[PDB]
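This report concerns only the one structure given below.
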Amino acid sequence: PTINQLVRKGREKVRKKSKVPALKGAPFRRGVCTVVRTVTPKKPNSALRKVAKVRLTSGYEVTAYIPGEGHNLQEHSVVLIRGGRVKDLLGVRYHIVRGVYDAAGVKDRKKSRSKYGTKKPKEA
Amino acid sequence: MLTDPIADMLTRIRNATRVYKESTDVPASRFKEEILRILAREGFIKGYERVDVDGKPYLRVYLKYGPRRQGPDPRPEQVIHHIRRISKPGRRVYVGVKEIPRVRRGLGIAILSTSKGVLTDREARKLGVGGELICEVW
Amino acid sequence: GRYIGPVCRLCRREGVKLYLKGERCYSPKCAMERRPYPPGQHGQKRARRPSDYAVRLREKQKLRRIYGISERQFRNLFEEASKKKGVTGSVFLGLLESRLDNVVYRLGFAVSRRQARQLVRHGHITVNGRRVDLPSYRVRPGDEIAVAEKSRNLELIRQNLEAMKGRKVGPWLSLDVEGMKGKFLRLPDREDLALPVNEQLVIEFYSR
Amino acid sequence: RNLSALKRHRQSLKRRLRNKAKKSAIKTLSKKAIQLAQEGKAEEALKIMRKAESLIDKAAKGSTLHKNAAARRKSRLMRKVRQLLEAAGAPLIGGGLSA
Amino acid sequence: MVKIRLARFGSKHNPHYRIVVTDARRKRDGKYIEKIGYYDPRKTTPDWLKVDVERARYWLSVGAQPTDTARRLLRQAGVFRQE
Amino acid sequence: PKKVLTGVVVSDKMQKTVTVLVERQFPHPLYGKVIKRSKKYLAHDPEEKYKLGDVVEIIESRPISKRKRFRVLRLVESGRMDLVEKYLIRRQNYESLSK
RNA sequence: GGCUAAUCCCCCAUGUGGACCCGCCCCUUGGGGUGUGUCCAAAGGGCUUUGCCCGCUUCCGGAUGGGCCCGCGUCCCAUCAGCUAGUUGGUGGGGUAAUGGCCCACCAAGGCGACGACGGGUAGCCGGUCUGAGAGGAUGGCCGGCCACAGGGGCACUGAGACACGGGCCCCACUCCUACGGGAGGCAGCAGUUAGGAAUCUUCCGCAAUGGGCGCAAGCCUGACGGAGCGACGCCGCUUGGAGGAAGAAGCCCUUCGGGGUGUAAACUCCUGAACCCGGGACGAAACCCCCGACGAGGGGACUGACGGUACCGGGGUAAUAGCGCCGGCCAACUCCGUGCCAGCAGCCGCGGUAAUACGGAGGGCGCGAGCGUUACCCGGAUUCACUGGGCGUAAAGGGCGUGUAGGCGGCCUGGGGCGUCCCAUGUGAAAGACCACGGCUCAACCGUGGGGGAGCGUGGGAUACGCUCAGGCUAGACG
Ligand SMILES: [Mg+2]
Ligand SMILES: [Mg+2]
Ligand SMILES: [Mg+2]
Ligand SMILES: [Mg+2]
Ligand SMILES: [Mg+2]
Ligand SMILES: [Mg+2]
Ligand SMILES: [Mg+2]
Ligand SMILES: [Mg+2]
Ligand SMILES: [Mg+2]
Ligand SMILES: [Mg+2]
Ligand SMILES: [Mg+2]
Ligand SMILES: [Mg+2]
Ligand SMILES: [Mg+2]
Ligand SMILES: [Mg+2]
Ligand SMILES: [Mg+2]
Ligand SMILES: [Mg+2]
Ligand SMILES: [Mg+2]
Ligand SMILES: [Mg+2]
Ligand SMILES: [Mg+2]
Ligand SMILES: [Mg+2]
Ligand SMILES: [Mg+2]
Ligand SMILES: [Mg+2]
Ligand SMILES: [Mg+2]
Ligand SMILES: [Mg+2]
Ligand SMILES: [Mg+2]
Ligand SMILES: [Mg+2]
Ligand SMILES: [Mg+2]
Ligand SMILES: [Mg+2]
Ligand SMILES: [Mg+2]
Ligand SMILES: [Mg+2]
Ligand SMILES: [Mg+2]
Ligand SMILES: [Mg+2]
Ligand SMILES: [Mg+2]
Ligand SMILES: [Mg+2]
Ligand SMILES: [Mg+2]
Ligand SMILES: [Mg+2]
Ligand SMILES: [Mg+2]
Ligand SMILES: [Mg+2]
Ligand SMILES: [Mg+2]
Ligand SMILES: [Mg+2]
Ligand SMILES: [Mg+2]
Ligand SMILES: [Mg+2]
Ligand SMILES: [Mg+2]
Ligand SMILES: [Mg+2]
Ligand SMILES: [Mg+2]
Ligand SMILES: [Mg+2]
Ligand SMILES: [Mg+2]
Ligand SMILES: [Mg+2]
Ligand SMILES: [Mg+2]
Ligand SMILES: [Mg+2]
Ligand SMILES: [Mg+2]
Ligand SMILES: [Mg+2]
Ligand SMILES: [Mg+2]
Ligand SMILES: [Mg+2]
Ligand SMILES: [Mg+2]
Ligand SMILES: [Mg+2]
Ligand SMILES: [Mg+2]
Ligand SMILES: [Mg+2]
Ligand SMILES: [Mg+2]
Ligand SMILES: [Mg+2]
Ligand SMILES: [Mg+2]
Ligand SMILES: [Mg+2]
Ligand SMILES: [Mg+2]
Ligand SMILES: [Mg+2]
Ligand SMILES: [Mg+2]
Ligand SMILES: [Mg+2]
Ligand SMILES: [Mg+2]
Ligand SMILES: [Mg+2]
Ligand SMILES: [Mg+2]
Ligand SMILES: [Mg+2]
Ligand SMILES: [Mg+2]
Ligand SMILES: [Mg+2]
Ligand SMILES: [Mg+2]
Ligand SMILES: [Mg+2]
Ligand SMILES: [Mg+2]
Ligand SMILES: [Mg+2]
Ligand SMILES: [Mg+2]
Ligand SMILES: [Mg+2]
Ligand SMILES: [Mg+2]
Ligand SMILES: [Mg+2]
Ligand SMILES: [Mg+2]
Ligand SMILES: [Mg+2]
Ligand SMILES: [Mg+2]
Ligand SMILES: [Mg+2]
Ligand SMILES: [Mg+2]
Ligand SMILES: [Mg+2]
Ligand SMILES: [Mg+2]
Ligand SMILES: [Mg+2]
Ligand SMILES: [Mg+2]
Ligand SMILES: [Mg+2]
Ligand SMILES: [Mg+2]
Ligand SMILES: [Mg+2]
Ligand SMILES: [Mg+2]
Ligand SMILES: [Mg+2]
Ligand SMILES: [Mg+2]
Ligand SMILES: [Mg+2]
Ligand SMILES: [Mg+2]
Ligand SMILES: [Mg+2]
Ligand SMILES: [Mg+2]
Ligand SMILES: [Mg+2]
Ligand SMILES: [Mg+2]
Ligand SMILES: [Mg+2]
Ligand SMILES: [Mg+2]
Ligand SMILES: [Mg+2]
Ligand SMILES: [Mg+2]
Ligand SMILES: [Mg+2]
Ligand SMILES: [Mg+2]
Ligand SMILES: [Mg+2]
Ligand SMILES: [Mg+2]
Ligand SMILES: [Mg+2]
Ligand SMILES: [Mg+2]
Ligand SMILES: [Mg+2]
Ligand SMILES: [Mg+2]
Ligand SMILES: [Mg+2]
Ligand SMILES: [Mg+2]
Ligand SMILES: [Mg+2]
Ligand SMILES: [Mg+2]
Ligand SMILES: [Mg+2]
Ligand SMILES: [Mg+2]
Ligand SMILES: [Mg+2]
Ligand SMILES: [Mg+2]
Ligand SMILES: [Mg+2]
Ligand SMILES: [Mg+2]
Ligand SMILES: [Mg+2]
Ligand SMILES: [Mg+2]
Ligand SMILES: [Mg+2]
Ligand SMILES: [Mg+2]
Ligand SMILES: [Zn+2]
């Protein structure tokens, strides 16, 4: 565009939409489970995934993925939402954090325990 | 009406040299004549002279080239590899004396118009004046 | 704290001899003898062509692991060098070499860099008459580096020093073996060091 | 509790009254002169005017007024008096004003 | 009342004073009219006090009031000397 | 320095006041073109000395009214009615651009 | 309702002087001088009381601090296009320290808007900070400057100063006291509780230092402040050892069953000596005061710690925490076993449906290391809003065509101006930060001293090529 046109009008800065309304700007949010279900993955894969509907402290209600192997989560257990999505599941934007509140860290897991919230095994 | 006669001179020259013409006529004005004087002094052209064409005054710019070449494409190197406008009507540009550009690490020129007259970049720094930044040439 | 563990392993991973072990990295014990190949089970297997990244990385790893310095300190020192007027690579090397424990290694109070670090740490080293217990101290040219009077009778100190007899020291230094003194006269240049490292590779490493 | 800056408030009250009164008097006086000026009574309006002026300056003496406030009020009075004074003016007293 | 006193410019356990002219009304470490000196109590340097007397004399000419410490330093540096 | 501006008088319609159109030009802060904006100043004309289409100097002054901070210094040039015509017409164009 | 003191209030006096109306002079917005007229002051206290000290009064000036006004700059939505009644100006008036529709009366009919008025949305602003090669983008925590607010809304009194956080009146909500009439409150001060939340500290020590208030002082106040406490929240420094030690123990790992790995790693040999115990032990602090001298200068000269018996010095002294992510590509690091579209991984591409270097452990490896990963957010990359620095025949993109308004843009020659433009000088650009240098804590982080830098704006001077402008020519454009 001509310069005169840039004075008259000028470039437009580009707004971006937040992939996570955990609202609040918050890095995590505490919520209570509602449904603890299994879910069918999107077309390219096959499995049984463990997700949970959650009512947040933000007055928001969303499904959240349960990572790790085993999970003790039940209907009324209270949990901490992480954020980050699961590419192959429709409509799940956030993750559960294991080891926090009622979410139990993955039992027996020896490899990367920072994620999955398990503590260090003792060896003698 | 030429909307920017200076740009038109620069271009006339560009197109000319690109088809390897020996000379070109550009419609004349003292300001163009000043620019040319700088090119000539600076080694870019063989120099220029005033002519009349159907009674109307022009300037023959005589063009300078490298020697003939080896292999495919014997066409000689250009002496003006690059010539471009900086200040144009509709966006005008002025450098202070500390904003004067070092053009192609100095193997090039920038022609400024100043209140001391039309000078090269070195010329202006040495003179110590800023001005309207016209051409960039290398 | 720094890397504490088998060193001659790192001799082995860089495929070159960087002696942090002092003696025996001299005698045919260094394991770089007859086992030049890197550690682990895949070390004796073939070698895949290194990415540009890999090259730069490893070269930096050589330069750091030689001086036995924390990557934190290392990079902070690097940026410090890059800021300084003058050629980044040489400047860097000068600052690395300017480290107190390093100077102590150079002056020959310790057979190894790490041992010298210890010497500094435990107060066995003085600068301009005054004790300095921190190995990260920077020696400005003209400083004197001495084995502090109290420990001058120490077994290991005299042990090394008596071996240092007749040996030549670095040209940017001076050493008085009967006095345990020494003087850091100038900063060492590129050429002053025999360092088996191309510094430009390191500069390029921190470029990204 | 019971901060004794309480006392300050108490004094503020006393002062308040003492000001209002003083200031009030002035108004009442000024008007007097002014009205007496409309009726073109030379002597009387003048003497009231003198009293008003004096009392203004005396308000200025303390925190009631002073500043330029007194000079402002005084000016306005005197102007309005002298100005009002022309209908067959003949300001016989002439005491208060430069002749 | 325009004043002359010390503001604290050092660090924790490391006091460094900047002798300034400022309205007493203003806070200690905030904007000052002029910096006439510095003071080091731990005396870590061969120069732990400096003054620029002629200036201090000006500020006294127009009525600044030194705090007793400030005055002490000023006199030490001899703003007040006469004969 | 009290600020002096030069403009043309586009409105006489008030009492003892004129509207003065004052242009200024300057480089655009990003795009660098020289752009020319303008603004109306209300200037105090006590004697009704100045008329429509007069290019006058305007000086920063003690506030006359709300919106009048300036008075007319002198007459730079008389009778530029083309400037006026420009303003009048730009404002006439407003009757479009709406509903 | 009664008594009474004062540096509390009031009345004459003196008028240095000042205020005010009117005149005159200069000056030029209400600055200064002057003459007459009217009007205005004060407070006493302490000493050694024949002299000094603390005060009081009118005035001029200084200094510092603020009030008000103007130029310019300061986010998004035009699916917000018209807004405006004290609204725009005037005369007179009220109010104030002071200009002003700041307020009131009367008069005129104006004022603003595509150069974005009005409307809506978000928001304290700045010095700066993060990022970026830069231009730019983003942000404004702590520290400094300014503003605004003190449960919500209005209001004034007192005062040099407030429309006043720990002052007052009223209305509303809330909590508490209540003899049911009526009252009391206001942590966005330091700590602390409670709720909300992913989450944010001690109901500590001290007025020794700096600073502030009152006081002649002695001194009193000071949750400002100076410290200590808790939290790897951030930065910096430091330890978990050093040297010797097998052609290489056992265990675990792979195996072509020849052996390869973990690895000088361990054991063990020798040496230093974190913690810790013992002893000495601070600077920060010399004023205020005292004495000489004249309560000056000068000279001397004694008291005064929270931190804390802490920092540090000296002596003695033990081998004495390692974790976390990752290892298909991007990307540095590979192998067995287990599991078989499962269980699971996953930032994108994509792995897993019997040989899985991508799932799960193990051995080994890489990376960092008192940390390491994750999530959220910002800049980066992204030249993907392109000023630097992009495009539109078929990829997204030429308006269906014209006429022409605002606007943007403008041939050749001469001259005046000097608005843009450029140069010089000067003012400003606080401090802190940033950059440079030197220095102070053993180093650094941190701090001090000094130097340099700087866009922008003010003022003075100068240049005239280009842009502008004014005037005068020209004919190559345009029209005839
Ligand atoms: Mg000319
Ligand atoms: Mg010629
Ligand atoms: Mg450009
Ligand atoms: Mg460098
Ligand atoms: Mg250089
Ligand atoms: Mg040398
Ligand atoms: Mg970089
Ligand atoms: Mg009292
Ligand atoms: Mg009455
Ligand atoms: Mg009297
Ligand atoms: Mg007035
Ligand atoms: Mg103040
Ligand atoms: Mg100074
Ligand atoms: Mg003096
Ligand atoms: Mg008129
Ligand atoms: Mg008015
Ligand atoms: Mg209209
Ligand atoms: Mg009574
Ligand atoms: Mg009574
Ligand atoms: Mg009585
Ligand atoms: Mg009295
Ligand atoms: Mg009297
Ligand atoms: Mg007199
Ligand atoms: Mg007069
Ligand atoms: Mg008189
Ligand atoms: Mg009396
Ligand atoms: Mg005064
Ligand atoms: Mg002011
Ligand atoms: Mg904003
Ligand atoms: Mg809509
Ligand atoms: Mg109204
Ligand atoms: Mg009205
Ligand atoms: Mg009228
Ligand atoms: Mg008025
Ligand atoms: Mg007031
Ligand atoms: Mg405008
Ligand atoms: Mg903001
Ligand atoms: Mg807000
Ligand atoms: Mg920056
Ligand atoms: Mg930067
Ligand atoms: Mg920037
Ligand atoms: Mg900004
Ligand atoms: Mg901002
Ligand atoms: Mg703020
Ligand atoms: Mg602040
Ligand atoms: Mg301000
Ligand atoms: Mg409010
Ligand atoms: Mg509250
Ligand atoms: Mg409320
Ligand atoms: Mg309120
Ligand atoms: Mg007062
Ligand atoms: Mg008052
Ligand atoms: Mg209040
Ligand atoms: Mg308020
Ligand atoms: Mg309170
Ligand atoms: Mg009450
Ligand atoms: Mg809680
Ligand atoms: Mg809670
Ligand atoms: Mg704290
Ligand atoms: Mg206490
Ligand atoms: Mg104190
Ligand atoms: Mg004090
Ligand atoms: Mg006092
Ligand atoms: Mg006494
Ligand atoms: Mg108290
Ligand atoms: Mg504190
Ligand atoms: Mg923790
Ligand atoms: Mg943590
Ligand atoms: Mg060893
Ligand atoms: Mg073995
Ligand atoms: Mg074996
Ligand atoms: Mg021992
Ligand atoms: Mg002390
Ligand atoms: Mg001392
Ligand atoms: Mg003393
Ligand atoms: Mg005496
Ligand atoms: Mg003395
Ligand atoms: Mg003395
Ligand atoms: Mg004391
Ligand atoms: Mg103690
Ligand atoms: Mg010791
Ligand atoms: Mg010892
Ligand atoms: Mg051990
Ligand atoms: Mg790779
Ligand atoms: Mg994984
Ligand atoms: Mg199997
Ligand atoms: Mg298999
Ligand atoms: Mg397969
Ligand atoms: Mg695997
Ligand atoms: Mg992977
Ligand atoms: Mg794996
Ligand atoms: Mg491992
Ligand atoms: Mg650290
Ligand atoms: Mg972290
Ligand atoms: Mg980005
Ligand atoms: Mg960009
Ligand atoms: Mg870029
Ligand atoms: Mg994008
Ligand atoms: Mg562009
Ligand atoms: Mg630009
Ligand atoms: Mg494109
Ligand atoms: Mg198509
Ligand atoms: Mg298309
Ligand atoms: Mg078309
Ligand atoms: Mg189309
Ligand atoms: Mg036009
Ligand atoms: Mg032209
Ligand atoms: Mg000019
Ligand atoms: Mg001239
Ligand atoms: Mg300047
Ligand atoms: Mg600065
Ligand atoms: Mg600082
Ligand atoms: Mg600093
Ligand atoms: Mg330094
Ligand atoms: Mg130092
Ligand atoms: Mg500094
Ligand atoms: Mg500095
Ligand atoms: Mg400077
Ligand atoms: Mg100028
Ligand atoms: Mg000028
Ligand atoms: Mg000229
Ligand atoms: Mg000209
Ligand atoms: Mg021209
Ligand atoms: Mg034009
Ligand atoms: Mg003409
Ligand atoms: Mg003709
Ligand atoms: Mg024709
Ligand atoms: Zn080795």
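Chain labels A, B, ... are given in the sequence in which chains occur in the structure tokens; within each chain residues are numbered consecutively from 1, and ligands are likewise numbered from 1 in the order shown.
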| query | Can you tell me which residues sit at most 10 Å away from ligand 113, counting only C-alpha atoms (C1' of nucleotides) and all ligand atoms, written as a list in words? | reply |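 Within the 10 Å cut-off, the matching residues are residues 432, 433, 434, 446, 447 and 448 of chain G.
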| task | Would you mind listing the residues within 9 Å of ligand 37, counting only C-alpha atoms (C1' of nucleotides) and all ligand atoms, as a PyMOL selection string? | result | chain G and resi 75+122-125+139-140
| query | Got a sec to check which residues lie within 9 Å of ligand 9, using only C-alpha atoms (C1' of nucleotides) and all ligand atoms, and send them as a ChimeraX atom specification? | reply | /D:24-25,27-29
Taking only C-alpha atoms (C1' of nucleotides) and all ligand atoms into account, report as a PDB file with C-alpha atoms (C1' of nucleotides), in the first residue's frame which residues have an atom no farther than 10 Å from an atom of ligand 94.
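Written file, pocket-v3.pdb:
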ATOM      1  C1'   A G 232      15.923 -22.688  46.512  1.00  0.00           C
ATOM      2  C1'   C G 233      11.023 -17.238  44.763  1.00  0.00           C
ATOM      3  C1'   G G 371      18.547 -28.129  41.582  1.00  0.00           C
ATOM      4  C1'   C G 372      15.727 -30.201  37.369  1.00  0.00           C
ATOM      5  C1'   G G 373      11.195 -30.626  34.879  1.00  0.00           C
ATOM      6  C1'   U G 374       5.899 -28.787  34.047  1.00  0.00           C
TER       7        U G 374
END
| field | Within 10 Å of ligand 60 (only C-alpha atoms (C1' of nucleotides) and all ligand atoms), residues as a VMD selection string | value | chain G and resid 204 to 206 223
What are the closest atom pairs, with distances in Å to one decimal, for all residues of chain G lying within 7 Å of chain D? Consider only C-alpha atoms (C1' of nucleotides), order rows by chain and residue number, and present the result as JSON lines.
{"residue": "G:19", "atom": "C1'", "partner": "D:71", "partner_atom": "CA", "distance": 6.1}
{"residue": "G:20", "atom": "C1'", "partner": "D:75", "partner_atom": "CA", "distance": 5.5}
{"residue": "G:21", "atom": "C1'", "partner": "D:78", "partner_atom": "CA", "distance": 5.5}
{"residue": "G:22", "atom": "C1'", "partner": "D:98", "partner_atom": "CA", "distance": 5.2}
{"residue": "G:36", "atom": "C1'", "partner": "D:98", "partner_atom": "CA", "distance": 6.2}
{"residue": "G:37", "atom": "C1'", "partner": "D:98", "partner_atom": "CA", "distance": 4.2}
{"residue": "G:38", "atom": "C1'", "partner": "D:96", "partner_atom": "CA", "distance": 3.7}
{"residue": "G:39", "atom": "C1'", "partner": "D:54", "partner_atom": "CA", "distance": 5.1}
{"residue": "G:40", "atom": "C1'", "partner": "D:57", "partner_atom": "CA", "distance": 5.6}
{"residue": "G:97", "atom": "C1'", "partner": "D:68", "partner_atom": "CA", "distance": 6.9}
{"residue": "G:157", "atom": "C1'", "partner": "D:16", "partner_atom": "CA", "distance": 6.7}
{"residue": "G:158", "atom": "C1'", "partner": "D:12", "partner_atom": "CA", "distance": 4.6}
{"residue": "G:167", "atom": "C1'", "partner": "D:9", "partner_atom": "CA", "distance": 6.7}
Give me a file of those residues, with N, CA and C atoms (P, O5', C5', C4', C3', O3' and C1' of nucleotides), as a PDB file, in the first residue's frame.
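Output file part_30.pdb is given in full below:
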ATOM      1  P     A G  19       0.607  47.170  49.915  1.00  0.00           P
ATOM      2  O5'   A G  19      -0.925  47.020  50.308  1.00  0.00           O
ATOM      3  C5'   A G  19      -1.447  45.781  50.755  1.00  0.00           C
ATOM      4  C4'   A G  19      -2.843  45.947  51.296  1.00  0.00           C
ATOM      5  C3'   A G  19      -3.787  46.775  50.441  1.00  0.00           C
ATOM      6  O3'   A G  19      -4.356  46.030  49.386  1.00  0.00           O
ATOM      7  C1'   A G  19      -3.931  47.491  52.675  1.00  0.00           C
ATOM      8  P     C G  20      -4.378  46.630  47.903  1.00  0.00           P
ATOM      9  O5'   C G  20      -5.687  47.523  47.884  1.00  0.00           O
ATOM     10  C5'   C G  20      -6.874  47.012  48.453  1.00  0.00           C
ATOM     11  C4'   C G  20      -7.839  48.107  48.798  1.00  0.00           C
ATOM     12  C3'   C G  20      -7.972  49.211  47.776  1.00  0.00           C
ATOM     13  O3'   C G  20      -8.746  48.837  46.654  1.00  0.00           O
ATOM     14  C1'   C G  20      -7.827  50.155  49.923  1.00  0.00           C
ATOM     15  P     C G  21      -8.314  49.346  45.198  1.00  0.00           P
ATOM     16  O5'   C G  21      -9.100  50.721  45.063  1.00  0.00           O
ATOM     17  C5'   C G  21     -10.506  50.720  44.912  1.00  0.00           C
ATOM     18  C4'   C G  21     -11.116  52.044  45.290  1.00  0.00           C
ATOM     19  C3'   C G  21     -10.796  53.227  44.395  1.00  0.00           C
ATOM     20  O3'   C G  21     -11.568  53.256  43.216  1.00  0.00           O
ATOM     21  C1'   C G  21     -10.555  53.869  46.637  1.00  0.00           C
ATOM     22  P     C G  22     -10.879  53.720  41.849  1.00  0.00           P
ATOM     23  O5'   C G  22     -10.526  55.249  42.100  1.00  0.00           O
ATOM     24  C5'   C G  22     -11.439  56.277  41.762  1.00  0.00           C
ATOM     25  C4'   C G  22     -10.812  57.633  41.959  1.00  0.00           C
ATOM     26  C3'   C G  22      -9.634  57.975  41.065  1.00  0.00           C
ATOM     27  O3'   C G  22      -9.970  58.342  39.739  1.00  0.00           O
ATOM     28  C1'   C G  22      -9.076  58.509  43.267  1.00  0.00           C
ATOM     29  P     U G  36       1.171  62.988  51.456  1.00  0.00           P
ATOM     30  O5'   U G  36      -0.415  63.168  51.526  1.00  0.00           O
ATOM     31  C5'   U G  36      -0.999  64.455  51.393  1.00  0.00           C
ATOM     32  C4'   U G  36      -2.447  64.397  50.973  1.00  0.00           C
ATOM     33  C3'   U G  36      -3.396  63.622  51.866  1.00  0.00           C
ATOM     34  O3'   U G  36      -3.742  64.305  53.060  1.00  0.00           O
ATOM     35  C1'   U G  36      -3.856  63.117  49.612  1.00  0.00           C
ATOM     36  P     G G  37      -3.845  63.503  54.451  1.00  0.00           P
ATOM     37  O5'   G G  37      -5.223  62.718  54.340  1.00  0.00           O
ATOM     38  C5'   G G  37      -6.431  63.414  54.087  1.00  0.00           C
ATOM     39  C4'   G G  37      -7.501  62.486  53.576  1.00  0.00           C
ATOM     40  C3'   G G  37      -7.829  61.290  54.449  1.00  0.00           C
ATOM     41  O3'   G G  37      -8.671  61.610  55.543  1.00  0.00           O
ATOM     42  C1'   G G  37      -7.634  60.596  52.210  1.00  0.00           C
ATOM     43  P     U G  38      -8.358  60.997  56.996  1.00  0.00           P
ATOM     44  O5'   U G  38      -8.876  59.490  56.899  1.00  0.00           O
ATOM     45  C5'   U G  38     -10.233  59.162  57.155  1.00  0.00           C
ATOM     46  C4'   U G  38     -10.577  57.788  56.636  1.00  0.00           C
ATOM     47  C3'   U G  38     -10.077  56.624  57.463  1.00  0.00           C
ATOM     48  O3'   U G  38     -10.900  56.348  58.571  1.00  0.00           O
ATOM     49  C1'   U G  38      -9.589  56.230  55.202  1.00  0.00           C
ATOM     50  P     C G  39     -10.221  55.796  59.908  1.00  0.00           P
ATOM     51  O5'   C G  39      -9.729  54.334  59.505  1.00  0.00           O
ATOM     52  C5'   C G  39     -10.659  53.318  59.186  1.00  0.00           C
ATOM     53  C4'   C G  39      -9.955  52.067  58.737  1.00  0.00           C
ATOM     54  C3'   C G  39      -8.850  51.556  59.642  1.00  0.00           C
ATOM     55  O3'   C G  39      -9.321  50.871  60.784  1.00  0.00           O
ATOM     56  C1'   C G  39      -8.094  51.527  57.423  1.00  0.00           C
ATOM     57  P     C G  40      -8.386  50.743  62.081  1.00  0.00           P
ATOM     58  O5'   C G  40      -7.321  49.643  61.657  1.00  0.00           O
ATOM     59  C5'   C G  40      -7.712  48.304  61.440  1.00  0.00           C
ATOM     60  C4'   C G  40      -6.508  47.445  61.180  1.00  0.00           C
ATOM     61  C3'   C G  40      -5.434  47.486  62.250  1.00  0.00           C
ATOM     62  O3'   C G  40      -5.732  46.663  63.369  1.00  0.00           O
ATOM     63  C1'   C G  40      -4.434  47.760  60.131  1.00  0.00           C
ATOM     64  P     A G  97      -8.905  32.627  49.919  1.00  0.00           P
ATOM     65  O5'   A G  97      -7.618  33.005  49.072  1.00  0.00           O
ATOM     66  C5'   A G  97      -6.798  34.081  49.484  1.00  0.00           C
ATOM     67  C4'   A G  97      -5.737  34.375  48.464  1.00  0.00           C
ATOM     68  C3'   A G  97      -6.231  34.523  47.034  1.00  0.00           C
ATOM     69  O3'   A G  97      -6.663  35.850  46.762  1.00  0.00           O
ATOM     70  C1'   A G  97      -4.437  32.990  47.104  1.00  0.00           C
ATOM     71  P     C G 157     -16.522  25.985  54.856  1.00  0.00           P
ATOM     72  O5'   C G 157     -16.108  25.686  56.368  1.00  0.00           O
ATOM     73  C5'   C G 157     -16.992  25.960  57.447  1.00  0.00           C
ATOM     74  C4'   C G 157     -16.554  25.274  58.721  1.00  0.00           C
ATOM     75  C3'   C G 157     -15.162  25.609  59.230  1.00  0.00           C
ATOM     76  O3'   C G 157     -15.125  26.828  59.944  1.00  0.00           O
ATOM     77  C1'   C G 157     -15.516  23.276  59.349  1.00  0.00           C
ATOM     78  P     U G 158     -13.909  27.842  59.730  1.00  0.00           P
ATOM     79  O5'   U G 158     -12.685  27.168  60.485  1.00  0.00           O
ATOM     80  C5'   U G 158     -12.753  26.877  61.869  1.00  0.00           C
ATOM     81  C4'   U G 158     -11.583  26.031  62.292  1.00  0.00           C
ATOM     82  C3'   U G 158     -10.232  26.487  61.779  1.00  0.00           C
ATOM     83  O3'   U G 158      -9.696  27.570  62.507  1.00  0.00           O
ATOM     84  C1'   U G 158     -10.444  24.179  61.423  1.00  0.00           C
ATOM     85  P     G G 167      -7.916   9.889  64.534  1.00  0.00           P
ATOM     86  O5'   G G 167      -9.250  10.754  64.452  1.00  0.00           O
ATOM     87  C5'   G G 167      -9.700  11.316  63.230  1.00  0.00           C
ATOM     88  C4'   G G 167     -10.306  12.675  63.455  1.00  0.00           C
ATOM     89  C3'   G G 167     -11.794  12.831  63.185  1.00  0.00           C
ATOM     90  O3'   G G 167     -12.641  12.322  64.205  1.00  0.00           O
ATOM     91  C1'   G G 167     -10.647  14.612  62.189  1.00  0.00           C
TER      92        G G 167
END
Can you list every residue of chain G that has an atom at most 8 Å from ligand 103, with its nearest atom pair and the distance in Å to one decimal, using only C-alpha atoms (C1' of nucleotides) and all ligand atoms, ordered by chain then number, as CSV?
residue,atom,partner,partner_atom_place_in_ligand_line,distance
G:392,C1',ligand 103,1 (Mg),7.9
G:394,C1',ligand 103,1 (Mg),7.3
G:395,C1',ligand 103,1 (Mg),7.4
G:396,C1',ligand 103,1 (Mg),7.1
G:397,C1',ligand 103,1 (Mg),6.8
| What is the atom CA of residue B:131-atom CA of residue B:114 distance in Å, reported with one decimal? | 4.6 Å
| said: Within 12 Å of ligand 124 (counting only C-alpha atoms (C1' of nucleotides) and all ligand atoms), which residues show up? I'd like them as a PyMOL selection string. | reply: (chain B and resi 89-90) or (chain F and resi 36) or (chain G and resi 407-410+467-469)
Output as a Markdown table one row per residue of chain G within 6 Å of chain B: the closest atom pair and its distance in Å to one decimal place, counting only C-alpha atoms (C1' of nucleotides), sorted by chain and residue number ascending.
| residue | atom | partner | partner_atom | distance |
| --- | --- | --- | --- | --- |
| G:422 | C1' | B:130 | CA | 5.1 |
| G:463 | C1' | B:115 | CA | 5.5 |
| G:464 | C1' | B:115 | CA | 5.2 |
| G:465 | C1' | B:117 | CA | 4.5 |
| G:477 | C1' | B:1 | CA | 5.0 |
